[PDB]
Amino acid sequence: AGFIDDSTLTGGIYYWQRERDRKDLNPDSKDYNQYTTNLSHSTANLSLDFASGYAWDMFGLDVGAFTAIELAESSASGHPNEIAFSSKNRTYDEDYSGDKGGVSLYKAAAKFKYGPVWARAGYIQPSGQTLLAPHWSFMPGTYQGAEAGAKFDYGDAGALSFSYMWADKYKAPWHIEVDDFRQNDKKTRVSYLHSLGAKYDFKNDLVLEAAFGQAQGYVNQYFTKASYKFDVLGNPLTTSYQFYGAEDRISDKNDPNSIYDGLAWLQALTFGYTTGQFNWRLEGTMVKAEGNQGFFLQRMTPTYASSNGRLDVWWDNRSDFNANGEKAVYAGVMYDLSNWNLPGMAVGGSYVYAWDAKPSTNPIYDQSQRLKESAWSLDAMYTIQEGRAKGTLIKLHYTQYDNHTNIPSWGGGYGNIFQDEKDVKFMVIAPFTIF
């Protein structure tokens, strides 16, 4: 046992091919009503990760890097596509002008263990109980910072986990260099993000989680979750209630750095149910997000790509369904084809219906607007089950998204809503072990 004995060297080959076409309702467009190219690219990633063992069972090191390789990109494809690297190397230099290949050092961390306590420092991903999170493409984003936590297992009485994380820079996986954190104006600095959270597992399928976070001088962020599982008619019903909240520290609602008025939140209820080869999902969300921004963010810095935060609800139906006032219901099914002697293969689909979405409360926007949006998707996926390629994911995802207004994308006070789309994503994720 130790630094070398327990070392691993692993990697990944990743392939992404996407066609996303979006209806253009920009008033002066020559292609008004047409589904023009929004994304059209073919891109690979390659990753390699060294993870040491623990010298003296207390000290180790992880180093990971990845490259992006561009096979094809239409001149009309938008930027950044989040699989290649943005042509701009840091968060706040983003101008949406290009994508490129490159290489990024995405993990470079000292790791520590001392009794029940653990820590990681350097270029790290959040790994404990806080509400800080990386963005995920094929690879995760990278914080410059440190996290420490502990776990106390009380056996029958349950297990407690908690951790604290602090960071002063970040890069999304589409940026090669870390940037600092700033307010909405992309100028006023935010000297750190930090977060504290906890989890208690009662060992009877009840799990409680909670976390608090701050962007220095700017945003307070909240998370709570209760999860439970029990049988309904002989089959497991999994349930969760989730609360996500945020407030800024700029009360003046017309200040350009004010993003929320009072407390903003996203609340969710989820149910999952398995019957034979079918896995069913029924989920719903509701949002309050008064203020200039007009939608809820799980991340504590508002600028695109600038950080991320924990959000357990993911419907893969293109829209975030997170506008001020918006309510949304999701229904989905996946069918395991093992009984057709296609083990590892699954197919499914899903549907979202959302309504009551309101714009930003900034008075320059028409406050009478109420927006509905809906979507459906289809899924086909295979996980290879034997051979050197065991664990490889091959997946095709297809979405039709419908914005039930004529508002041009990102317009009308709906700064996070875009127009109708057809989206086709094909991906291969092939992990491999060197030692």
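Don't overthink the numbering: it's just position in the shown sequence, from 1.
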| item | value |
| --- | --- |
| Mean Cα B-factor comparison, 358 to 366 or 210 to 218, giving the higher one as deposited | 358 to 366 |
| Higher-B stretch (mean Cα B-factor, as the entry records it), 289 to 297 or 251 to 259 | 251 to 259 |
| Criterion, highest CA B-factor; candidates, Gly78, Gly197, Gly245, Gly141 | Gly78 |
| Largest Cα B-factor, entry values, listed residues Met381, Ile407, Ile69, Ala375 | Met381 |
| Modelled-residue ranking by C-alpha temperature factor, third containing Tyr32 | highest |
| Ranked against its chain, the third holding the CA B-factor of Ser306 | lowest |
| CA B-factor ranking of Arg281, expressed as a third of its chain | highest |
| Record-listed C-alpha B factor of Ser319: chain third | lowest |
| Lowest, middle or highest third - CA B-factor, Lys203 | highest |
